[PDB]
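First the proteins, then the strands, lettered A, B, ... as listed; each starts at 1. Note: hydrogens, waters and symmetry copies are ignored here, and every other heavy atom, side chains too, is used.
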Number of protein chains: 4
Amino acid sequence: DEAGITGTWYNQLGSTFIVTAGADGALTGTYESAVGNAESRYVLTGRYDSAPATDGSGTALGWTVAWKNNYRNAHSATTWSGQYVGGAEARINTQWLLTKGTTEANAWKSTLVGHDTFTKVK
Amino acid sequence: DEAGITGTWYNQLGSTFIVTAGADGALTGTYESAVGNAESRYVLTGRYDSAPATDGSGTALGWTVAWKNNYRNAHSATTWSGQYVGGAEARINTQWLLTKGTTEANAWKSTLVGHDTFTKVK
Amino acid sequence: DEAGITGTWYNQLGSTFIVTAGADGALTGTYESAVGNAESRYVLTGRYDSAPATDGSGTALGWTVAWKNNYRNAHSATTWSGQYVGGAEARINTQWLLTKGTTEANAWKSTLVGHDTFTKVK
Amino acid sequence: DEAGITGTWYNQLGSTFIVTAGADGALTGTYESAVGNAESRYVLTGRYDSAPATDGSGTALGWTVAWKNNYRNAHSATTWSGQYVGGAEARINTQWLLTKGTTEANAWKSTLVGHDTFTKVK
Ligand SMILES: [Ir+4]
Ligand SMILES: [Ir+4]
Ligand SMILES: [Ir+4]
Ligand SMILES: [Ir+4]
């Protein structure tokens, strides 16, 4: 699935996700959010199962973005956990955790949860 | 915090997390779970905010492990979203998402959620 | 929104959710899952904000189902946290947590996470 | 476990959770948060598995609080999904989802995730 994951992806919020899969299971690329305190590109890095079960199952994968680059620092980070589903309508369906730096007093409200779907089009 | 994150960490389940922080905000290392379908070490990769707010806030960070190495393939992946808290009792408090490859029929039950705390001792 | 929430709802998995809103903010009804270890109806109970912000915001709400009734006991429970969005395309968008009874050894893998969308049609 | 769940519980944040279990599997009571936009008591309602597996497994359960009462309205709701563990150190370990009413534009950032542990003491 190294081939199928590599490329440009778009989510329901209009975010852009550009990624390269390594044969060992590495994922490198950049992310650009369409929402929130973000601006231009951010590095992403991750892992994917480089030998998925041959039974029509998705390919598990994950990545992280620290929301710091040359333009802004949102003092936060998001990780995406999900699976790549290939074929004629190729999808990466994910749930994500966004954590932001907080004082220990405010740690209870430090983590947002949500879900994104990525397609090759739009 | 590049200095404080780098090193060996242990969580409440007895898992071992060895990590190196880059100055640009990179996190590389290996993970060894004490539970589940895992055996020996797995690559991890991630991002961390390399310039945290000076106000006593934690440092946001995240990483991913694809549960595939030379011994086993659990066809799954876990991402950790959380923050590093330094000082005399240094902690990485996280929530994690574990996704496993599934058929689209079973995608509703593909994702486990939980939380880990890492300390330098134990 | 007491009026708009009350009624029969359907989610993307084909599940059926029948609910009555009280004026005090109570939610009572029954749930029938289309997937998993479930069969016929299960009681649900919950709360909703009975005075939402007049600014075009959704109405926060939640409910719980213990997966035990006269036919089966899945020894689990699911809670839905989300918001009701009214108008011509009325939606309840939720994320859900499904916890199952486990031994303390297996507690790390006790909780599934996912998301459901409910509409009045389909 | 109807007996063991009923009573007053306290979490790591210093919140107070007073609950009555019905024999059918109902949970009614009040919640008082020690943090956030809350003040005095809020109704809670929920479900619990009223016949847990005899194998040393926890008892699955869940509840909801809409953050509206006579004093304040936070336009939000939280659901707790978890299990009751009895014995000499009785615990309700939960993960929780807090959703707040938002505009559809801001729905991506509407949901906080976290975890609470409740004990009978402190
Ligand atoms: Ir979806
Ligand atoms: Ir904790
Ligand atoms: Ir959705
Ligand atoms: Ir805990």
Decide yes or no for [X] and [Y]: does some side-chain heavy atom of the first lie under 4.5 Å from some side-chain heavy atom of the second?
X: B/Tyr42; Y: B/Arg72; value: yes
X: B/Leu112; Y: B/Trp96; value: yes
X: C/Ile92; Y: C/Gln83; value: no
X: C/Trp80; Y: D/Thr64; value: no

| Of all pairs that satisfy side-chain hydrogen bond (donor to acceptor under 3.5 Å, both in side chains), the ones with a partner from residues 43-56 of chain A, not counting sequence neighbours | A/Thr45-B/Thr45, A/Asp49-B/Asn73, A/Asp49-B/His75, A/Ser50-B/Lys68, A/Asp55-A/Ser57
| Is the distance between the ring centroids of C/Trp63 and C/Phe118 less than 6.0 Å? | yes
Give, for atom [atom1] of [X] and atom [atom2] of [Y], the distance between the pair rounded to the nearest 0.5 Å.
X: D/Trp108; Y: A/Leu13; atom1: CH2; atom2: CG; value: 8.0 Å
X: B/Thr119; Y: B/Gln12; atom1: OG1; atom2: CD; value: 9.0 Å
X: B/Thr78; Y: B/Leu44; atom1: OG1; atom2: CG; value: 11.5 Å
X: C/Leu97; Y: C/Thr111; atom1: CG; atom2: OG1; value: 7.0 Å

Output a table of donor-acceptor pairs, distance under 3.5 Å, between side-chain atoms of residues 16-31 of chain A and any protein atom two or more places apart or on a different chain; print 'none' if there are none.
{"unit_1": "A/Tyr31", "atom_1": "OH", "unit_2": "A/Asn11", "atom_2": "ND2", "d": "2.9"}

| message | The criterion is side-chain contact (heavy atoms from CB on, under 4.5 Å); which residues satisfy it with D/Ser76, sequence neighbours excluded? | response | D/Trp67, D/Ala74, D/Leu98, D/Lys100
Looking only at heavy atoms, what is the nearest atom pair of [X] and [Y], with distance?
X: C/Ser81; Y: D/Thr99; value: OG-OG1, 2.7 Å
X: B/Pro52; Y: B/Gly58; value: CB-O, 4.5 Å
X: A/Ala77; Y: B/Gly62; value: CB-N, 4.4 Å
X: A/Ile5; Y: A/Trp9; value: O-NE1, 2.7 Å

| Can you name the residues that form a side chain to side chain donor-acceptor pair (under 3.5 Å) with B/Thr59, not counting sequence neighbours? | B/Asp1
[X] side chain vs [Y] backbone, donor-acceptor pair below 3.5 Å:
X: A/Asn69; Y: A/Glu39; result: yes
X: A/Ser15; Y: A/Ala34; result: yes
X: A/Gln95; Y: A/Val113; result: no
X: B/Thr117; Y: B/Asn93; result: no

| said: Applying salt bridge (charged side-chain N to carboxylate O under 4.0 Å, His left out) as the test, list every pair that has at least one member in residues 104-121 of chain C; sequence neighbours left out. | reply: none
| query | Which pairs, with at least one residue in residues 73-92 of chain B and sequence neighbours excluded, count as a salt bridge (charged side-chain N to carboxylate O under 4.0 Å, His left out)? | reply | B/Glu89-B/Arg91
| query | Is there a side chain to side chain donor-acceptor pair (under 3.5 Å) between B/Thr102 and B/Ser110 once you walk through the steps? | reply | CA-CA 6 Å; B/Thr102 63; B/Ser110 64; 4.7 Å; no
| query | Any salt bridge between A/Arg41 and A/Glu32, counting N to O under 4.0 Å? | reply | no
| Criterion side chain to side chain donor-acceptor pair (under 3.5 Å) on A/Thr79 and B/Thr79, from CA distance to verdict | CA-CA 6 Å; A/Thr79 67; B/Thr79 67; 2.9 Å; yes
